Amino acid sequence: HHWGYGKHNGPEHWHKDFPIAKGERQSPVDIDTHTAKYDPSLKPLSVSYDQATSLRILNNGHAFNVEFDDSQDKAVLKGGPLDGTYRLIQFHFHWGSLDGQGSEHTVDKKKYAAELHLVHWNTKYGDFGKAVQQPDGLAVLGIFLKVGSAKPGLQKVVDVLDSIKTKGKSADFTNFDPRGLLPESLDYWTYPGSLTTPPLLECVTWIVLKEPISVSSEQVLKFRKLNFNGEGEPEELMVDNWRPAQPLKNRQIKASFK
Ligand SMILES: [Zn+2]
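Have a look at this one:
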């Protein structure tokens with residue numbers, strides 16, 4: 003039936019409806035730190051989120067998205083391995099049922115408790132829908148979350164989850180500053196990949212930050228209280244909405260640091 007993360011519709015079944023799942027530039031991957039090539043020609047990332055305008059938070063049945071106004075160049079990513087300007091459209095997370103799993107990318111096979119994805123689209128394409136059809140249409144910043152100390156800047160998010168518990172619910176979510184979600188260092192790994200959920204288009208330049216941010220156990224617990232199901236349907240907790248690492252195939256992972 004429709005795709006999800008259960009036994010009968012999970013990642014291992016996606017290829018039936020989305021043949022691109024067994025493609026040549028599928029994401030996530032395992033980051034082998036000894037095989038990643040330091041590339042001194044890569045520029046530092048430029049994150050200009052001071053004018054970010056968030057609008058809403060939504061439970062789409064597979065995660066929760068915080069959406070931003072992308073009608074102008076207010077929150078953009080540029081530099082790094084990118085050419086042009088990429089506008090932030092939304093951010094979301096992938097998490098697990100336990101603290102030992104949840105991230106999509108792994109580092110030397112280490113899994114983190116969750117992974118944040120900031121999704122950006124290449125402004127030369129005019130809109131998000133056109134951008135997904137191009138090899139350089141999107142740039143996704145990925146940030147790992149480890150459990151330790153609470154992240155103050157994440158609390159506003161945590162607090163509104165009760166109101167979007169089931170699929171299709173949404174809530175006004177204005178004046179949220181995504182700068183509160185960044186690690187101190189912007190060192191990163193980069194590779195050409197895809198979206199990690201259907202339709203799995205190979206249109207992403209991945210930018211994975213080396214430094215994880217910490218969240219408290221209690222903050223992550225609140226994530227695990229969301230539901231995959233819609234209101235009045237049997238309860239299925241929203242946990243383990245992560246795709247396992249895919250084959251690197253013909254790709255090189257580059258590092259911005261040594
Ligand atoms: Zn994602």
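With the deposited numbering as the guide, the letters of the sequence shown map in order to residues 3 to 125, 127 to 261.
Even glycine gets a Cβ: it sits at the ideal position worked out from N, Cα and C.
Do the segment 72-89 and the segment 97-117 make contact, defined as three or more Cβ pairs closer than 8 Å?
Contact fails: fewer than three Cβ-Cβ distances are below 8 Å.
Based on the DSSP output, what are the partners of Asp-190 in its beta bridges?
Beta-bridge pairing links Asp-190 to no other residue.
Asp-34 and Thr-55: beta carbons closer than 7 Å?
It is not a contact, given that the beta carbons lie outside the stated cut-off.
Give, in chain order, every unbroken run of the alpha helix (DSSP H) that is at least 4 residues long and sits entirely within the segment 135-171.
158-163
Do the segment 40-58 and the segment 218-235 touch if we need at least three Cβ pairs shorter than 8 Å?
no
Would you mind sorting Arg-246 into buried or exposed? The rule is 16 or more other CB atoms within 10 Å of its CB.
buried
Answer yes if the segment 14-27 comes into contact with the segment 177-193, meaning at least three C-beta pairs across the two stretches below 8 Å, and no otherwise.
The segment 177-193 vs the segment 14-27: no contact.
At a threshold of 6 Å, does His-64 count as lining ligand 3 (C-beta to nearest heavy atom)?
Only ligand 1 can be found as ligands here, which leaves ligand 3 out of the picture.
Kindly indicate which three-state DSSP category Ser-220 falls into: helix, strand or coil?
Here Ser-220 carries a helix assignment [DSSP, helix/strand/coil].
Using DSSP bridges, identify the partner residues of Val-121.
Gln-92, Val-143
Test item, CB below 6 Å from any non-hydrogen atom of ligand 1
In chain order, the hits are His-94, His-96, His-119, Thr-199.
Identify which residue in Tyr-194, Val-150, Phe-93, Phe-131 has its Cα closest to the Cα of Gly-104.
Ranking the options by Cα distance to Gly-104, first place goes to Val-150.
Span of the beta strand (DSSP E) holding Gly-81?
78-81
Taking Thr-208 as part of the beta strand (DSSP E), name the residues at either end of that continuous run.
207-212
Beta-carbon proximity check, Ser-188 vs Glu-205, cutoff 7 Å:
no
When the distance is taken between beta carbons, is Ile-91 closer than 7 Å to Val-121?
In contact: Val-121 and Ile-91 (Cβ atoms closer than 7 Å).
For the beta strand (DSSP E) containing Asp-175, list its first residue and its last residue.
173-175
Which residue's Cα is closest to the Cα of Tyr-194: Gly-6, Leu-148, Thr-37?
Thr-37
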